[PDB]
2 protein chains.
Amino acid sequence: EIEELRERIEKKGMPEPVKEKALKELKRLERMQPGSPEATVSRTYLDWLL
Amino acid sequence: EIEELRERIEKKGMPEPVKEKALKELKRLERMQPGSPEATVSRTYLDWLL
């Protein structure tokens with residue numbers, strides 16, 4: 001449910017530096033555990049990118 | 001008492017934007033260490049909403 005957020009963001013035609021910063025945030029986030037407190041904050045960050 | 005607090009979520013009448021946040025951070029709560037100050041402010045927050 002963050003891999004369906006990969007194909008969610010280019011449904012509207014996302015520009016390229018925004019999606020590169022989104023991929024930088026998600027290779028920060030894929031090493032973050034569900035026990036880490038910042039995963040919901042980064043998911044809120046990606047929802048603010050929608 | 002974790003399940004007693006989980007029952008007291010739905011016992012009160014506590015509304016719908018707060019409910020999935022309360023259940024998800026309680027979902028964070030049962031797997032992490034209860035002696036933590038993060039666990040202290042979590043149990044304070046999920047005393048405060050209820």
# chains A, B, ... in the order shown; residues from 1 in each chain; ligands from 1

call {"tool": "select_by_dssp", "arguments": {"residues": "range 9-47 of chain A", "states": "alpha helix (DSSP H)", "output": "NGL selection string"}}
result
:A and (16-29 or 39-47)

call {"tool": "residues_around", "arguments": {"residues": "residue 24 in chain B", "least_positions_apart": "3", "cutoff": "12 Å", "atoms": "only C-alpha atoms", "output": "PyMOL selection string"}}
result
(chain A and resi 34-35+37+39-40) or (chain B and resi 6+18-21+27-31+42+46)

call {"tool": "calpha_fit_rmsd", "arguments": {"fixed": "chain A", "moving": "chain B"}}
result
1.4 Å

call {"tool": "closest_residue", "arguments": {"among": "A:9, A:17, A:33, A:26", "to": "chain B", "atoms": "only C-alpha atoms"}}
result
A:33

call {"tool": "closest_residue", "arguments": {"among": "B:41, B:32, B:23, B:5", "to": "chain A", "atoms": "only C-alpha atoms"}}
result
B:32

call {"tool": "atom_distance", "arguments": {"atom1": "CA of residue 43 in chain A", "atom2": "CA of residue 2 in chain B"}}
result
26.0 Å

call {"tool": "atom_distance", "arguments": {"atom1": "CA of residue 45 in chain B", "atom2": "CA of residue 45 in chain A"}}
result
22.8 Å

call {"tool": "atom_distance", "arguments": {"atom1": "CA of residue 4 in chain A", "atom2": "CA of residue 16 in chain A"}}
result
18.6 Å

call {"tool": "closest_residue", "arguments": {"among": "A:3, A:38, A:10, A:25", "to": "chain B", "atoms": "only C-alpha atoms"}}
result
A:38
